[PDB]
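Here's a solo chain for you in structure tokens, the form deposited in one PDB entry.
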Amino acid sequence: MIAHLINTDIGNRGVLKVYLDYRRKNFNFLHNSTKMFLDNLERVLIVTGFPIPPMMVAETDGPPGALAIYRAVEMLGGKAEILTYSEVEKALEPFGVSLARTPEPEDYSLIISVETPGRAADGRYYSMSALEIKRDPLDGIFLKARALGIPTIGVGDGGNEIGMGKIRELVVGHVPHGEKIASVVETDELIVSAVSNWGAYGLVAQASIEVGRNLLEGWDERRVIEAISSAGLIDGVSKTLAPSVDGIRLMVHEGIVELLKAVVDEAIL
């Protein structure tokens, strides 16, 4: 099953434990997130972009996942726009994505976050190593969306992302520096994964099975990562221009994606 694969053991015991606890109570969190996705495709706002201290530059985890979701919305007949930082918009330029401008929650049927920093209990933004993120935040539209009743989905793998507020207790207990970095920002549905991109691919894969079409087909993980890496997006863990995500090399990401495609093809028959 998809939710389990996207949480494949990658050495981050903290998040694995979060996933274990989260799933014990919300076993079908992926399916529920997919149902919300599929019911609100008219105009989707996809938010991504995670500044990495000390440089505060955006990283490779998040944009690829946002791109895969954007792509699936268009293929499913809906419309999507992306809200993110400058360097990310540049990295995604080759892919022709529509960039949101002066976005207001009400203008969309759904708002999705993929690896976006969420304010912590002290109102500040922190990275996994507990360093403060110094840059204009992107979570504000989520607070407004919730106050408006606008459907929201969060995807994260660290505990400090938009949407994690929903399981803050799990993060504070299982993740290093959890009390300080855990986000308080909640979303209607939440996808926890070992790498945020995989969470986004899982949403696409689950949706694919729901509609009977493989929405991940044609996705080239290696090309996408190489392209955004060449554009300046760094690896969030190593903090260098390595063509990797969270310190994990491409063959693993490719293995996840190919396995996801195989599971979808099999499920569709």
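Position 1 is the first residue in the sequence shown; the rest follow in order. Just so we're on the same page, rigid core means the largest C-alpha set that superposes within 1.5 Å between forms.
The next section is about a form of this same protein that is not shown, the form deposited in another entry.
In the overlay on the core between the shown form and the other one, a shift of 2 Å or more in CA position is seen for a single residue of 56, 241, 231, 211, which is 241. In the core-superposed comparison between the shown form and the other one, the C-alpha atom of residue 26 has shifted by at least 2 angstroms. In that other deposited form, the CA atoms of residue 149 and residue 24 come closer by at least 3 angstroms compared with the shown structure.
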